[PDB]
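What follows is a short report on a single structure.
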Amino acid sequence: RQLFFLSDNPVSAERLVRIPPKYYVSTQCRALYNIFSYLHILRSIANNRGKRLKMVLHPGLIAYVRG
Amino acid sequence: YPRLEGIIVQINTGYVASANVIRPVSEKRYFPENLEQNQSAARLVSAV
Amino acid sequence: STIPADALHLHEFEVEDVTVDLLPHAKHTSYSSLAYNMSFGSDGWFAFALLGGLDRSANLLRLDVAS
Amino acid sequence: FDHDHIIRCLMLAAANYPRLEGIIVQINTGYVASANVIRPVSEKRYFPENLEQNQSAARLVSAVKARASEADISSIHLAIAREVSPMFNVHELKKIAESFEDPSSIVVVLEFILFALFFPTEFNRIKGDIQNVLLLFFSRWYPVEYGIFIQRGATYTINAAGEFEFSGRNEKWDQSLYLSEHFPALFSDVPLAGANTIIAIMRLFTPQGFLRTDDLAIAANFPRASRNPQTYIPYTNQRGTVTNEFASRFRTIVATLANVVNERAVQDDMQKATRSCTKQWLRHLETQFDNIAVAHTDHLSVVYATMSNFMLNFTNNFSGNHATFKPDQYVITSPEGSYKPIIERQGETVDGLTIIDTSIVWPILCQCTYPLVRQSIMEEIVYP
Amino acid sequence: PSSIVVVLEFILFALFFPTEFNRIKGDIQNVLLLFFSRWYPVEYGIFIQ
Amino acid sequence: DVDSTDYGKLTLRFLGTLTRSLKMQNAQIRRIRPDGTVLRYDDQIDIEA
Amino acid sequence: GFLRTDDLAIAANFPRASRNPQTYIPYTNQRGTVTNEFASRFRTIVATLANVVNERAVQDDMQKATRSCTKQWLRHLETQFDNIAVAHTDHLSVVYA
Amino acid sequence: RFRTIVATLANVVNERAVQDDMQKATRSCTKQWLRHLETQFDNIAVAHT
């Protein structure tokens, strides 16, 4: 009910954010970075010029998903 | 004095560290891109 | 109280200088007023433009689950 | 218009003022940008549908998106205008750091094939620094046939009797030795017994153009620095053809490159899926080349023709054979001093004019719309 | 190989409506001479010979 | 002071200042071998100018 | 490697515990070459270690992906060896000397 | 008649897809659809003819 015509899938948001591929660091970790790309587009949509944003990470977040 | 090996190595260690010959860094690169995630290599990435 | 189960935010997006493509169905819903908030140049229209799409593949099975 | 005087002062003006190359390129860039010839757009199509999100080609999509720069119009117009322009500072290659580990590293070779077809003149000026990358390609994929090629030589010279005196020294090429008598040895196009595959892949860097004389410049009595002023247009106009004869050259290149990447794949028994996603991408470059070969060989080939008749594009750029051509190295000699060469590598840039970026062919192939691809409106082609 | 659907669009249009298939059988050639020139390149050069 | 149009002033402060690095005593224009030796004039290679 | 005599120790008349002092430097200086002759030795070791692990995996008929991801790792060690092989043979070799 | 057309068209697409050495899964799911046109043609050809 919140997002009628907007997509369900975080797959559609991976088109919008590049991840430099040294960050792909676990077996589910491609599928987890999509939700990061999925939500911040929907969260910050009133401040979206139509630029493409890029993801940087804390190294503990790299360290936590290794496991 | 069989501890004389401790003297000669400590001088030889003191030359290597003074040459600035190897500086360690905190970036692993044991695997290429898209091999640590990869589920088929899960038996290999644990042994490395 | 902070948990070991969160590292798992602490990721932030950095804006760049090169734009997205706008998914050619956005030209079609440019006019006219495909919903109420999806008027031309609004937040819900642009989210339907930039994030884009609705798959049939997800919410048919969810439409198959609740039966 | 005095032919003898202007070509005589333009040989002092290149020796005293080596920044003159920045003048003639800026005049040539002002003609390319005033023709509305290449217009970038924000829609990428480097991959077909359902291959970028495919997990098998995740090794491949990290090798194409790491090479394809964004479509900046100030460099695509610069890349065309560098071609017919005279060369005063020796052009050197933007350093490409590749190790050719994976079979998805064939993208870097396809970057060089497209840069040899779209800009064959600017391929010649840096063809030696491409050898420094390609000798890391062949020595890690064809190690049996690499050593057969090295023992003949990594450089060669031209004998006075027309023979090819191969050196025999395994030397990394530098962009100095471009002015000397040494050539890159991959581009000799001389067959070697045992190294039949390396010579076969170097037959894919051949240009697909013709040699047009400056018919409108001689009759205008413009300054030229040769006897027969002949420039090299990269591709012939292709009117009235169903199958485009320039796009069909890229059909036969990929059909050889899909056998080079296949033999490298099955040697290391990689997945059926990771090999199929390579060949689906290699024929996605088949489809995206058919869309633009109508608009390169009909609208660029009348721009490269008319840029070779300008007053300040006064030198021969290229001949038609990488195995023999060298620029005519004039000097300003003096008995009571030292001779100052015209073409002289000194790194005196015009803030980015000598650094040649071979990643310019990925925006040209994919994310640039042309005024003939869209037939369905008619653009009404801007004649400057 | 998923573009065989456009060919199956032309077979069914030739079985259901063979009269209207005749009136536009020339424009169906222009689509199909892109079909055979990519999937059968050896036989295409013999055919346009 | 030479004649200088509105575009010529843009080019002279672009090159732009040094000229005295070259001897001009009996200066001619000749080709060189790629070895480094100054060749003579050739009636069939160089232009007549 | 090579078996180097101690030229600067005998002239210094330093104490040595044998007749000819011959230390063993692990690898030769490798200036002025395109390919490193110490890095290409590691090529011919992995190429032997490829054929051992390839024949071992097919004895237990395990997956194509679990075998290729081994062999993609073996020549990833080639790429990491080639980057450091210049600095061992040029700068570590004079330290052991 | 449509049975023996798809019997040819499922061999044209099979000779094509093995030349591009693509997956068994991506090819068998195509051939599941080509015989799905068979089931939908056998139902509606009773009302056509």
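By order in the structure tokens, chains are A, B, ...; within a chain, residues start at 1; ligands start at 1, following the order shown.
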
Taking only C-alpha atoms into account, report as a ChimeraX atom specification which residues of chain A lie within 9 Å of chain D. /A:11,14-15,20-21

Just write the chosen residues, N, CA and C atoms, as an mmCIF file, in the first residue's frame.
```cif
data_model
loop_
_atom_site.group_PDB
_atom_site.id
_atom_site.type_symbol
_atom_site.label_atom_id
_atom_site.label_comp_id
_atom_site.auth_asym_id
_atom_site.auth_seq_id
_atom_site.Cartn_x
_atom_site.Cartn_y
_atom_site.Cartn_z
ATOM 1 N N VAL A 11 16.534 -5.409 -6.910
ATOM 2 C CA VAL A 11 17.264 -5.634 -8.154
ATOM 3 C C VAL A 11 17.204 -4.401 -9.046
ATOM 4 N N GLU A 14 19.983 -1.723 -8.162
ATOM 5 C CA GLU A 14 21.390 -2.000 -8.421
ATOM 6 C C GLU A 14 21.862 -1.379 -9.729
ATOM 7 N N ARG A 15 20.929 -1.043 -10.618
ATOM 8 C CA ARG A 15 21.237 -0.261 -11.813
ATOM 9 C C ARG A 15 21.692 1.155 -11.457
ATOM 10 N N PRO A 20 32.257 -0.633 -5.986
ATOM 11 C CA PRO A 20 33.575 -1.083 -6.450
ATOM 12 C C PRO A 20 33.850 -2.489 -5.959
ATOM 13 N N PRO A 21 34.134 -3.425 -6.869
ATOM 14 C CA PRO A 21 33.901 -4.844 -6.568
ATOM 15 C C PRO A 21 34.935 -5.487 -5.659
#
```

Tell me which protein, DNA and RNA residues are within 12 Å of range 37-44 of chain C, counting only C-alpha atoms, leaving out same-chain ones fewer than 6 positions away, and put them as JSON, numbers by chain. {"A": [2, 3, 4, 5, 6, 7, 41, 42, 43, 44, 45, 46, 47, 48, 49, 50], "C": [26, 27, 28, 29, 30, 31, 50, 51, 52]}

Using only C-alpha atoms, I'd like every residue of chain G that has an atom within 9 Å of chain D; please write them out as a ChimeraX atom specification. /G:32-35,64-65,67-69,71-72,75-76,78-79

May I have the selected residues written with N, CA and C atoms, as a compact mmCIF listing (two decimals), in the first residue's frame?
```
# COMPACT_ATOMS: atom_id res chain seq x y z
N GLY G 32 66.87 -5.22 -16.17
CA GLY G 32 66.89 -5.04 -17.61
C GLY G 32 66.16 -6.06 -18.45
N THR G 33 65.19 -6.76 -17.89
CA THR G 33 64.45 -7.76 -18.65
C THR G 33 62.96 -7.42 -18.68
N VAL G 34 62.28 -7.96 -19.69
CA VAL G 34 60.84 -7.80 -19.79
C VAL G 34 60.13 -8.72 -18.80
N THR G 35 60.33 -10.03 -18.96
CA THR G 35 59.78 -11.01 -18.04
C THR G 35 60.84 -11.40 -17.03
N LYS G 64 32.50 -28.92 -11.60
CA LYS G 64 33.30 -28.12 -12.52
C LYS G 64 33.63 -26.76 -11.91
N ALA G 65 32.70 -26.20 -11.14
CA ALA G 65 32.93 -24.89 -10.53
C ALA G 65 33.89 -24.99 -9.35
N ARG G 67 36.32 -26.97 -9.17
CA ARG G 67 37.64 -27.22 -9.72
C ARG G 67 38.20 -26.00 -10.44
N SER G 68 37.35 -25.23 -11.12
CA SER G 68 37.84 -24.04 -11.81
C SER G 68 38.14 -22.91 -10.83
N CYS G 69 37.38 -22.82 -9.73
CA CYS G 69 37.69 -21.83 -8.71
C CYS G 69 38.96 -22.15 -7.93
N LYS G 71 41.53 -23.41 -9.77
CA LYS G 71 42.52 -23.05 -10.78
C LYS G 71 42.50 -21.55 -11.09
N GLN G 72 41.40 -20.86 -10.80
CA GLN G 72 41.44 -19.40 -10.85
C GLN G 72 42.22 -18.82 -9.69
N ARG G 75 46.30 -19.26 -10.50
CA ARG G 75 46.90 -18.21 -11.31
C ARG G 75 46.53 -16.81 -10.85
N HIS G 76 45.72 -16.67 -9.81
CA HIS G 76 45.72 -15.40 -9.10
C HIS G 76 46.99 -15.25 -8.28
N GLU G 78 49.73 -16.25 -9.43
CA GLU G 78 50.68 -15.81 -10.44
C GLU G 78 50.74 -14.29 -10.52
N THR G 79 49.57 -13.65 -10.55
CA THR G 79 49.51 -12.20 -10.69
C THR G 79 50.09 -11.50 -9.46
```

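The interface of chain A with chain B at 7 Å, considering only C-alpha atoms, consists of residues 21, 22, 24, 25, 26 and 27 of chain A.
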
Would you mind exporting N, CA, C and O atoms of the selected residues as a short mmCIF file (atom, residue, chain, number, x, y, z; two decimals), in the first residue's frame?
```cif
data_model
loop_
_atom_site.label_atom_id
_atom_site.label_comp_id
_atom_site.auth_asym_id
_atom_site.auth_seq_id
_atom_site.Cartn_x
_atom_site.Cartn_y
_atom_site.Cartn_z
N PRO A 21 34.13 -3.42 -6.87
CA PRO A 21 33.90 -4.84 -6.57
C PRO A 21 34.94 -5.49 -5.66
O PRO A 21 34.99 -6.72 -5.60
N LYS A 22 35.76 -4.72 -4.95
CA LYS A 22 36.48 -5.25 -3.81
C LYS A 22 35.59 -5.37 -2.58
O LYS A 22 36.03 -5.93 -1.57
N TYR A 24 32.53 -6.91 -2.63
CA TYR A 24 31.78 -8.16 -2.70
C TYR A 24 32.57 -9.20 -1.92
O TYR A 24 33.55 -9.75 -2.41
N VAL A 25 32.12 -9.48 -0.70
CA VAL A 25 32.97 -10.11 0.30
C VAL A 25 32.27 -11.24 1.05
O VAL A 25 32.84 -11.78 2.00
N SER A 26 31.09 -11.68 0.61
CA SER A 26 30.40 -12.83 1.20
C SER A 26 29.40 -13.38 0.19
O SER A 26 29.09 -12.75 -0.82
N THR A 27 28.85 -14.56 0.50
CA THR A 27 28.06 -15.28 -0.50
C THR A 27 26.69 -14.65 -0.70
O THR A 27 26.12 -14.71 -1.79
#
```

What are the closest atom pairs, with distances in Å to one decimal, for each residue of chain F lying within 6 Å of chain D, using only C-alpha atoms, rows by chain and rising residue number, as JSON lines?
```
{"residue": "F:15", "atom": "CA", "partner": "D:19", "partner_atom": "CA", "distance": 5.2}
{"residue": "F:19", "atom": "CA", "partner": "D:16", "partner_atom": "CA", "distance": 5.9}
{"residue": "F:23", "atom": "CA", "partner": "D:337", "partner_atom": "CA", "distance": 5.8}
{"residue": "F:26", "atom": "CA", "partner": "D:334", "partner_atom": "CA", "distance": 5.7}
{"residue": "F:27", "atom": "CA", "partner": "D:334", "partner_atom": "CA", "distance": 4.7}
{"residue": "F:28", "atom": "CA", "partner": "D:333", "partner_atom": "CA", "distance": 5.7}
{"residue": "F:29", "atom": "CA", "partner": "D:332", "partner_atom": "CA", "distance": 5.0}
{"residue": "F:30", "atom": "CA", "partner": "D:330", "partner_atom": "CA", "distance": 5.7}
{"residue": "F:31", "atom": "CA", "partner": "D:330", "partner_atom": "CA", "distance": 4.5}
{"residue": "F:34", "atom": "CA", "partner": "D:180", "partner_atom": "CA", "distance": 4.3}
{"residue": "F:35", "atom": "CA", "partner": "D:180", "partner_atom": "CA", "distance": 5.9}
{"residue": "F:47", "atom": "CA", "partner": "D:227", "partner_atom": "CA", "distance": 5.5}
{"residue": "F:49", "atom": "CA", "partner": "D:4", "partner_atom": "CA", "distance": 5.3}
```

Mind dumping a table of every chain D residue within 10 Å of chain C, with the nearest atom pair and its distance in Å to one decimal, using only C-alpha atoms, sorted by chain and rising number, as CSV?
```
residue,atom,partner,partner_atom,distance
D:41,CA,C:21,CA,8.2
D:42,CA,C:21,CA,5.1
D:43,CA,C:21,CA,4.8
D:44,CA,C:21,CA,7.6
D:70,CA,C:18,CA,7.6
D:71,CA,C:18,CA,9.1
D:72,CA,C:18,CA,9.5
```

With N, CA, C and O atoms retained, could you export that selection as an mmCIF file, in the first residue's frame?
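Written out: selection.cif:
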```cif
data_model
loop_
_atom_site.group_PDB
_atom_site.id
_atom_site.type_symbol
_atom_site.label_atom_id
_atom_site.label_comp_id
_atom_site.auth_asym_id
_atom_site.auth_seq_id
_atom_site.Cartn_x
_atom_site.Cartn_y
_atom_site.Cartn_z
ATOM 1 N N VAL D 41 24.545 10.734 -24.418
ATOM 2 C CA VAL D 41 23.280 10.559 -23.720
ATOM 3 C C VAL D 41 23.568 9.709 -22.488
ATOM 4 O O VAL D 41 24.604 9.050 -22.392
ATOM 5 N N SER D 42 22.655 9.750 -21.524
ATOM 6 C CA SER D 42 22.857 9.111 -20.231
ATOM 7 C C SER D 42 22.335 7.682 -20.170
ATOM 8 O O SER D 42 22.038 7.195 -19.076
ATOM 9 N N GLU D 43 22.203 7.001 -21.304
ATOM 10 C CA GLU D 43 21.722 5.628 -21.313
ATOM 11 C C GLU D 43 22.827 4.677 -21.756
ATOM 12 O O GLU D 43 23.241 4.698 -22.917
ATOM 13 N N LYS D 44 23.282 3.835 -20.835
ATOM 14 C CA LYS D 44 24.312 2.845 -21.114
ATOM 15 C C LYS D 44 23.672 1.614 -21.739
ATOM 16 O O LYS D 44 22.580 1.205 -21.337
ATOM 17 N N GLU D 70 32.965 7.701 -18.606
ATOM 18 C CA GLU D 70 31.727 8.385 -18.937
ATOM 19 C C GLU D 70 31.890 9.188 -20.223
ATOM 20 O O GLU D 70 32.998 9.547 -20.630
ATOM 21 N N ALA D 71 30.762 9.462 -20.870
ATOM 22 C CA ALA D 71 30.760 10.083 -22.192
ATOM 23 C C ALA D 71 30.901 11.587 -22.023
ATOM 24 O O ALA D 71 29.920 12.329 -22.008
ATOM 25 N N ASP D 72 32.140 12.044 -21.890
ATOM 26 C CA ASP D 72 32.421 13.469 -21.869
ATOM 27 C C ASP D 72 32.691 13.968 -23.284
ATOM 28 O O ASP D 72 33.550 13.437 -23.993
#
```

Rounded to one decimal in Å, what is the spacing between CA of residue 261 in chain D and CA of residue 106 in chain D?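 Separating CA of residue 261 in chain D from CA of residue 106 in chain D is a distance of 7.1 Å.
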
Once DSSP has gone over the backbone, tell me which residues of chain F are in alpha helix (DSSP H), as number ranges by chain. F: 8-15

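Taking CA of residue 322 in chain D and CA of residue 82 in chain D as the two end points, the separation is 18.2 Å.
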
Work out how far apart CA of residue 3 in chain H and CA of residue 47 in chain E are and give it in Å to one decimal.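 Interatomic distance, CA of residue 3 in chain H to CA of residue 47 in chain E: 27.4 Å.
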
What lies within 12 Å of residue 45 in chain H using only C-alpha atoms, ignoring chain neighbours under 6 positions off, as a PDB file with C-alpha atoms, in the first residue's frame?
```
ATOM      1  CA  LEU E  12       1.437 -18.194 -37.449  1.00  0.00           C
ATOM      2  CA  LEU E  15      -1.005 -20.142 -41.424  1.00  0.00           C
ATOM      3  CA  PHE E  16      -3.895 -18.104 -40.022  1.00  0.00           C
TER       4      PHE E  16
ATOM      5  CA  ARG H   1       1.015 -29.271 -39.779  1.00  0.00           C
ATOM      6  CA  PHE H   2       2.043 -27.033 -36.887  1.00  0.00           C
ATOM      7  CA  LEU H  37       2.501 -23.525 -28.501  1.00  0.00           C
ATOM      8  CA  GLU H  38       1.625 -27.079 -29.574  1.00  0.00           C
ATOM      9  CA  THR H  39      -0.874 -27.491 -26.744  1.00  0.00           C
TER      10      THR H  39
END
```
